[PDB]
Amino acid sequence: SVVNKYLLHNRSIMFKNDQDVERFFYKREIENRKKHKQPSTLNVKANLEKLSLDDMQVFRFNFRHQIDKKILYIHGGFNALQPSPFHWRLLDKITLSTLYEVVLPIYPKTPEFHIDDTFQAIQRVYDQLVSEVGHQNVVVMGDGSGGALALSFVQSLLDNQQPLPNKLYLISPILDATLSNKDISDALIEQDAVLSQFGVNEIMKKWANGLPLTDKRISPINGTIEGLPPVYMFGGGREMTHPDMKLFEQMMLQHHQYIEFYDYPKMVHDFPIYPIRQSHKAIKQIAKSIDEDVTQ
């Protein structure tokens, strides 16, 4: 399996019990305070800018001096993990394929920080980028829990009458943090070697800081749909989020909101982070679609 071939134990949320959860939070509190660094062995092909915004680390990737257009990238990791070395590699590839400048904020993480900290930080970097190139030249993208953050954040902009990004990209978004969709079968659960209902529940409960997991800011499947910019979603049939992605697609369609869903039946959660041909195909689909004229 691709999951096992590239496994990082320090990113696993397959917790057995409360004791594993506590140990994870203990570890993440300590690790999250450290300055995040590019992987020591990774050749990043794009040019890299190591910036900060109000003491938050922000990395920017650009290629061939192409910076007139931005992707605000919200990385996965359940709001507890920092970017994977495979996230570094994915972002590099997207930069080189799209020729947008990819912006990677290291936003506040749980267990020390909580939902409002996370969202206020994303707002600040979004505002920064809009001031640089205009909202029409900014695309928002995220994977996993980062896809949830990305959708929830654009929904916040929409609810608050803020200028919206030209497009919104969701990669294996965790649209409902409860993962209680009754269409999630045992067969589907047995195919998913990455997600854990227990792990996602427990981590998200910590981050939510007293808010119910069903709150639309946490589970954006429950958030504003009408008025969204065009949405482009990527996911696999072997991830427990798949019923939620299909449900979200149905809701977008019903509300006459533009959605492209690229659904890969045999792919795993967050598949584009893996060095496999399907990832390269997904990246090419991002590149081909990202410059489509927005006429909605």
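Residue positions are given as counts along the sequence shown, with the first one as 1.
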property: Stretch exceeding the other in mean C-alpha B-factor - 245 to 253, 45 to 53; result: 45 to 53
property: Of 204 to 212 and 105 to 113, the stretch whose C-alpha atoms average the higher B-factor in the entry; result: 204 to 212
property: Residue with maximal Cα B-factor (values as given in the PDB entry) among 138, 179, 158, 171; result: 179
property: Chain-wide C-alpha B factor ranking for residue 229, given as lowest, middle or highest third; result: middle
property: B-factor third for the C-alpha atom of residue 14 within its chain; result: highest
property: Ranked against its chain, the third holding the CA B-factor of residue 188; result: highest
property: Third of chain Cα B-factors occupied by residue 269; result: middle
property: Residue 276, C-alpha B-factor rank within chain (lowest, middle or highest third); result: highest
